[PDB]
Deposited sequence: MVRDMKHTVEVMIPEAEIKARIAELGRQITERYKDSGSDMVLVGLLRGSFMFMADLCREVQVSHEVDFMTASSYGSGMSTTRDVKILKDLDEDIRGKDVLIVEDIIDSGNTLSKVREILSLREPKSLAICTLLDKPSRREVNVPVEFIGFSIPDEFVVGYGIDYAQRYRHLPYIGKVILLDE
């Protein structure tokens, strides 16, 4: 709770263009698989991104969601997937990776169910903060070490509905 402003870091039209590209790449990757495919979103930050991305993926797939939450602390499953991923191409859709702990542990958890394949697509990557090295196949934007909001991403529950990515500026 600090006096702040929001400033545009990635305008809406840039996000739209990037998601279109991610879309084409993802499609190219899975179009020939033949196995069932599911996009798994991590809630609730990733709802907007998932919504726009899955519309740009020209491959028949399912959409499902999982809610996880973690001074370390264990990553625990508040809400598991509705569907089985065994034998399917799974794509994990996340809003932001910075430390990597969360994606890292979630990938481990999902791998136990033996999907045909397992990959991650994150809209924003903040590598300056990476602690655990985790392989991310698809990245929309690598960004500077700034606290961003919008496009599903909140600051203290606020700003998820902004159609662009922006940064919180203090004082």
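Where C-alpha coordinates are absent, the deposited sequence of this PDB chain has the segments 1-3, 74-79, 181-182.
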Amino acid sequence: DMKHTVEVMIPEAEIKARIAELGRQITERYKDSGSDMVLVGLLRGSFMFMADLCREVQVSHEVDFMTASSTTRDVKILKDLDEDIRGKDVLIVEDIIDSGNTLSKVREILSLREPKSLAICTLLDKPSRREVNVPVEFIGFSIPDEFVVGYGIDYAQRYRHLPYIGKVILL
From here on, numbers count along this sequence of modelled residues.
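In the comparison with other entries of the same protein, residue 72 is given coordinates in all of those covering both sides of it, so it never reaches the one-third threshold. Comparing 101-109 with 45-53, the higher mean C-alpha B-factor in the PDB entry belongs to 101-109. Mean CA temperature factor is higher for 28-36 when stretches 139-147 and 28-36 are set side by side in the entry. Remark: residue 123 belongs to the middle third of its chain, ranked by C-alpha B-factor as recorded.
When the modelled residues of the chain are ordered by their C-alpha B factor, residue 156 lands in the highest third.
When the CA B factors of the chain's modelled residues are split into thirds, the value for residue 79 lands in the lowest one. Among the modelled residues of its chain, residue 20 has a C-alpha B-factor that falls in the middle third, as given in the PDB entry. The entry lists a Cα temperature factor for residue 10 that places it in the highest third of the chain's modelled residues.
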